[PDB]
């Protein structure tokens, strides 16, 4: 069933300036988006800011400025940061947007009409930093920035507070079975698997109803009013989760401004999300509440939620490190160094190690070998002669690479997709070392034709599959190889031999990735 591939990042709270956490989440969103564009699919990637709520209002009162001003300013910083990082996100959404508020009111009303929202009370703990209702088993003793004995969350370690309010409640308990049916029927719907097992055991243990409104005094009136009850506001999370639905209904122009809000989501072919990218800290909201809301309203459910191991909500400034080591290099490192854990070190030591060892020595050196005037004397893709069994063993790897990488990208597991490409790059280097084409120019020109061609095609296919990870460097690489534009995109060009012999190399000026001191 052909649709627009819809991939999202979380929308980030604007209480604080952007940092690595948001960058990483949005990078993963971007890379997925980019891969599906390379595949030749229609894409809509979405990122944004979560601007309402008690936490943002209190962050604004701290800086002593009006919530409206504060949110607009920080949202501007988020846009500036994502432009600087050179992402390719299709739209940046803000929950302050009037069209978003409209959607939230439609959704609220639907849920209320379906009989799934009732007037009740919430009496219990709450973390204002996490905007999360917690049960007594999720709290314990700690300290506030005062150094005073207070209660704190087990999840996050943020300070908790008792809440006792008459609140609109969502009948989440009613969706326990349907959610379990969903998890079991679609065993890939939550990645990675151990996070899937967590959600299941949680929902198995039973679900309480969820407070979806709060007394307007509590939130300092910085939130969306409940339809037909201006004393209550919509829970920042029902507000925030609904962005995905809103994004799927916005027509967007050349510039990137929202220009229209279609009534029916089907009109734009985006909903539901194919991949929701999130951090592990917000799994419950995306894997439990969000699908229950959609079930209540009769909306389609997302296909995949992927939860990585950072926290969405000693310094590491990504814009700064990118200026030092290069943008693509940094992205690669972040994507390669870490899978589904915090573990893996992000030090300058290991950062330089990967730059020099993989990007420069493995990829960079290989690109210079197959384009060198010394080795490639004609500056063109040569026509291969007969293939040895060794030739054919490398070709087999190059041919198998796209299918393997495709699966990894789709899981999605971007680390394993990188590892798989680089395994082929390591192979090509070994092959080149064995064949020693520098010697062959003098000894056996017919043999060189064959070696060089395989090497070039290996470099091209690896580079194509790495183009979502190294979007600027892939282009430079292709420019060196003289690969025509049409051959830089599309599944047709995952195939071995897509670029014909006689294709001329691009001119020289020039090192691809420069190495650095330890």
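Residue numbers count along the first chain shown, from 1. For clarity, a rigid core is taken as the largest C-alpha set superposing within 1.5 Å between two forms.
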query: Farther-lying stretch by C-alpha RMS in 9 other deposited structures of this protein, rigid core as reference, of 72-80 and 142-150; finding: 142-150
query: Divergent stretch in 9 other deposited structures of this protein, 303-311 or 202-210 [C-alpha RMS, superposed by the core]; finding: 303-311
query: Chain break class at residue 232/residue 233 - deposited residues not modelled; finding: none
query: Unresolved deposited residues lying between neighbours residue 509 and residue 510; finding: 1 to 3
query: Mean temperature factor over C-alpha atoms, higher-scoring stretch between 59-67 and 30-38; finding: 59-67
query: Mean Cα B-factor comparison, 303-311 or 204-212, giving the higher one as deposited; finding: 303-311
query: Per the PDB entry, maximal CA B factor within 417, 241, 359, 252; finding: 252
query: Selection by C-alpha B-factor (highest) of 339, 124, 272, 225; finding: 339
query: Position of residue 502 among the chain's modelled residues by C-alpha B-factor, lowest, middle or highest third; finding: highest
query: Third of the chain's Cα B-factor distribution that residue 382 belongs to, per the entry; finding: middle
query: Residue 138 by Cα B-factor - lowest, middle or highest third of the modelled chain; finding: highest
query: CA B-factor ranking of residue 369, expressed as a third of its chain; finding: highest
query: B-factor third for the C-alpha atom of residue 413 within its chain; finding: lowest
